[PDB]
Every structure is written in C-alpha cells, then in structure tokens.
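Single chain ahead, written as structure tokens, the form deposited in one PDB entry.
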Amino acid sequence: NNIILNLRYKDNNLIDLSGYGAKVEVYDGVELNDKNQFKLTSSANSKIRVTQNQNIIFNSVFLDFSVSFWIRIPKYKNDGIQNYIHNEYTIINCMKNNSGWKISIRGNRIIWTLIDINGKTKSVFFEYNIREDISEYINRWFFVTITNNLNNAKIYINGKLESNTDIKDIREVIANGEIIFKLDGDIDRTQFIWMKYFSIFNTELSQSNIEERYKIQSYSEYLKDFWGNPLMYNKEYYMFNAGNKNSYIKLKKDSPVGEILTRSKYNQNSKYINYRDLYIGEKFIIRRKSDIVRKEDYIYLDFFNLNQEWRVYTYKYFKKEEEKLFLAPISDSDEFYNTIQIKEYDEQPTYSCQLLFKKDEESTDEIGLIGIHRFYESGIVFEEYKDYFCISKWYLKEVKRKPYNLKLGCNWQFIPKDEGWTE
C-alpha cells in the first residue's frame, strides 16, 4: 500500500520487504535484534547501505513522499551538555549529485532536510524539552513520521502533527541516491541511536493513516518497560507511577510497608537541563507463575531487600476500600494473596501496566488494583497523612471509564538501567 521501502529484520540481517528488492548491506558495526531494533554507533563500520533497485520504477523524483520510523535517542551526558546542544550529526543520508533528503539530530532536536537540484535547502524539525521532570521522549522509543507534499513538509510524532514547513520555493529533489544509515558529524565516542521499522512511501500519508500505523506498530501481546522495550521476567526493575510522577517507593525503615517519597532531582549547576532521578527506590523483579511478560499473565511482584528476595503481598480481608500492601520475605501464608495478574486497561498505546489482585486464578472475585493512596497517619486535633504503597478497590470501577485515565495512580511503568540514561 504505497510503500516503496520496507526495511525489516530477517536472519540476523536487515532486508527490504517492499517488494522492489533493493540491496541492503549491513556492516559489522550495526547491532541487530529479532525485535526489529538496530543500533547505529560511532564506530566507522557502523553503517547500512541501501542501494535502491534502479531497474523497476520511475525512481528519480517523487512529488509526494513519506518516511516513517521508530527511534530511541540516549539522554545527554551531564558533563557533556555543550557538545550535545551544539554539535549536529546526520543519521540517515540520501542524496545524489548534491541533492536529496537527510535526517539529522542536534541534541534534543530531530531534523528533516530537503535539497533540490539548484542547491536550495529547507528544513523542518521536532524538539523535545530537556527541563522536564519526566520526559516522554528522552531515551524512550517514539514514532516519527515525515510527510512531504508540494506545499508542506510536516513532522508527526506518535500519530500527532507537531511541525509544518512551507516548501513552495523547493524544486525537484533527486530521490534515487544511496540511502546511508550512519552517524555523520562531530560526535562523542559514546554516541549512538536505536531505530526500528524504517519505511518509505511514495505518497503523502494522511494524519489518520499515520495515527493508524502508530497504533498498529505499537500493538503487542506483551507489556513494555519505561523505555518501550518488551517487559521481561527475571529482570531488575525500578518502579514508576504515572499517577505520581515525582514519587517513588521505599521500604519504610523497620516496617513491612512501602512508603512513598519524592524523587531527587538534577543537582548540578547547569541551567539548560533538568530531570528527576529514575534509578532510585527499591529494586523490583517480576517472577513467573506456572523471558517475556505478557498481558493477563499471573506473576509475583518481588523486590530485593538487603541480600534477599522479598515479595509484595496483600491482606485477604481488609474492610476499608483500600489498604497498605504487606512487604515480606517469601512464604506461603493463608493470610495473604500473593498472585498478581498483570493487566492492560488502556485502549491507546502506552508503556503503562496495571496490577490486579484476584482471589484465585480460576475465581472471578477482584480484590483490588495496586496503587498509591494517602492514608491517615497521626494527630488528633491536626490530622497528618502519609502516602503508602497500597491496594485499592476504588481503581476497579475507574479503569472501566473511557477514555482510559492515564493519570490514575494504579498505572505503573518499569524502569531497567539503560546505557541511554545516566544520572
């Protein structure tokens, strides 16, 4: 359906599956995985050459054409913010006789550039904020789609229009050059880029078509971590709450409960960047109950206390609408429910999951969903409250509402350590 380049994964290699059989050469510096993700690094032999099949279609100039792909771009270095912000580098180049298009990146900005035969250039970009508490784009997989017409060169992010550029002074742009996937610029040794599902179409993609392709390429049977990678079993995870973004979970001292504290922030003296720390709070690990975590799986939510693996439980018969979760050494207790069913209540793409507590795997009784609540803590005349790691029945009715509330305190995201994130 109007697709002229379809770079996908097959047999430890990238291949064009558009049906026009272009030649693809992946050099030894490009890392591949079966999840269709490939990585461009700063090593010289980290490149991909696409020699487009010149013997099948018009293949000289396209009036209308689009380019879609998913990208994951590492966080700036805390001590190398200058080179990050100033130095720009090309990631994908496609030109012949000094005319064509190129995708470049300068720091927190990705850039689409056109150049016609006469040398006239035009650009359109997307920029994500780097003063954010919790950024949705930094080091996280997101969906880029670039649409080119006679009038406008638009940039869509995650199915939504983000940028527009008037390109009527632009003439014919030579399109049939080699497509070189390589980092090109004055970059750091530690610079890299992840990409997946790269595609080129000989048409202007409607916003509807783009949002649709976004939803489709977002869909999976499995759940995903904070960065957007598949959620794994036996993998160490920090925990993030979409309801309380600046809040993390800590085992309260000399207690079996999880208190909720405020994330430490960037405390160096640069004004151009800011963030909340992600690698804080307890280290969690998900266990299977009888690899990759899938929807409706039954799991054990464990975490590491000291030199020991502990488990998150709930009390079976609490009378209020909510209750503090009980964090303990692993054990079989007829006093606790220990099995969580992992859930996805959102109909839209998200990296958030929910954690349901049920009586039995066979039974239909829903005990509640794991979240965060503000419990009474102390004081008579002046009542003081505290936020605790909890289970709540209130969430049950709430996840039914449409559209699904992202701000709900039962929406969790798991954060593994990533080379694309340093703090």
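By rigid core we mean the largest C-alpha set that fits within 1.5 Å across both forms. For every residue, the number given is its place in the sequence shown, counted from 1.
Omitted from view is the form deposited in another entry, to which the following refers.
Of the residues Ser42, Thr51, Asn59, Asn36, just one CA atom moves 2 angstroms or more between the shown form and the other one under rigid-core superposition; it belongs to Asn59. The pair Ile92 and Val61 is looser in the other form: their Cα-Cα distance rises by no less than 3 Å compared with this form. Between the C-alpha atoms of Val61 and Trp70, a gap widened by no less than 3 Å is obtained in the other form, as opposed to the form on display.
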